[PDB]
Structure formats: C-alpha cells, structure tokens
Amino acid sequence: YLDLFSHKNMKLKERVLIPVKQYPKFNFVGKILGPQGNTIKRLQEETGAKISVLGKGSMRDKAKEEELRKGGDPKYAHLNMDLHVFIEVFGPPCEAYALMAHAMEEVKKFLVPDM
C-alpha cells in the first residue's frame, strides 16, 4: 500500500531501449547527449529526472569502451548491455509518477525521431 503520510520516498526506474534496429544508422547517442553533453544536461534539468545513456556504444569510442569493459570494474558493467536510456526518479508517490511521466515523454521524442 502507498501511505501518503509515510516519510518513505518512492523510486521509479526504467531502461528504455534505443531502437537501433528500427533506425540502424541514426546517431541517437550524439543527439541525446548533445555537443559537450548539454542536451542531456538540459533534459535532466527540465524533467527533474536522472537520465543516462548506457550500454554498448554509449561512449562512442569503441576503443575506450573495450578497455573499460576488460578492466572488470563493476561501474562499467553496463557497457555489455543493449544501448538504452536509464531514467531514475524519486520522491513522494504523486511526484515520482509525474517526474517519470514527463521524463518518459521527452525521452520518447528522441527515440522515435520520425514521429
């Protein structure tokens, strides 16, 4: 049950696949991160969500990715996953849902680019 008087926050997280199969040559990573990373910075500030691009291809630097993968460090474990956008929000229940809804709608604009 959600108790609206609880002091617990709700967390919501989603991993939204980047649809590389539907758009095999579209540069989603460059488009979402933006020059210098200012598109995704702005996307986070605008949505109030934590949003990251994870999975293989997310660094657009095959060589770097391979070196970090092979190091074994757990913080680079995501480099083996399918490319995706990882959205994380927290808050009181009503607010967490509003944050996630908004983040999901703005991210979908990037991921279905011919819509």
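One-based numbering along the sequence shown.
In this entry, 29-37 has the higher mean Cα B-factor, the comparison being between 84-92 and 29-37.
In this PDB entry, the Cα temperature factor of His102 sits in the middle third of its chain's modelled residues. For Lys8, the recorded CA temperature factor ranks within the middle third of the chain's modelled residues. Among the modelled residues of the chain, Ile51 sits in the middle third by CA temperature factor in this PDB entry.
Ranked by Cα temperature factor within the chain, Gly57 sits in the highest third according to the deposited record.
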